[PDB]
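Both backbone and side-chain heavy atoms feed into the values below; hydrogens, waters and symmetry mates do not. Positions are given from 1 along the sequence. Start at 1 and go down the list; that is how both ligands and their atoms are numbered.
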Amino acid sequence: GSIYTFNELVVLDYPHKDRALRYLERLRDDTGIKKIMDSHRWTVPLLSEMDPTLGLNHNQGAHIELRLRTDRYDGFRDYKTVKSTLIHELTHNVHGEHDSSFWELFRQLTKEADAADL
Ligand code: NI
């Protein structure tokens with residue numbers, strides 16, 4: 001497999017953490033996410049669940065965090081929304097500020113990752 005992936009997944013110590021882990025695995029394995037990480041040559045050492053401000057990118061892709069939960073028991077955010085937050089965080093591998101260049105790349109990555117054939 002490709003080196004352009006998330007090398008380690010981490011979830012928090014909340015009820016149904018096995019479900020949070022499956023959520024991160026789904027994002028890592030998402031064909032659209034893989035396409036853009038391959039196209040843009042991104043390796044992210046760590047992808048974590050953010051404590052339940054919907055995502056973070058630390059040090060240009062050393063570590064990305066995503067808020068998966070809507071509460072502290074079994075409420076989770078919808079996949080489409082979290083996937084798009086992940087694309088936002090990946091865009092911060094290149095652009096620090098939410099400027100025109102950021103949003104241009106965000107739109108291009110979004111289109112790639114949403115392609116109908118994947
Ligand atoms: Ni941002």
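Panel note: side chain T85, backbone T81; a donor-acceptor pair is recorded below 3.5 Å.
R28 and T5 share no donor-acceptor pair across their side chains, judged by distance under 3.5 Å alone.
Annotation: ring-ring contact (aromatic ring centres under 6.0 Å, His included) contacts involving residues 95-118, sequence neighbours excluded, comprise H88-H98, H88-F102, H88-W103, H92-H98, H92-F102, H98-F102, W103-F106.
Because its NZ or CZ atom is not both nearer than 6.0 Å to the ring centre of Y14 and within 45° of the ring axis, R69 does not count as a cation-pi partner of that residue.
Pairing each heavy atom of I36 with each of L109, the nearest pair is CG2-O, 3.6 Å.
For the Ni ion (ligand 1), the nearby protein N/O/S atoms, meaning those under 2.8 Å, are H88 NE2, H92 NE2, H98 NE2.
Ring geometry, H16 versus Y73: the interplanar angle exceeds 60°, so the pair is classed perpendicular (tilted spans 30 to 60°).
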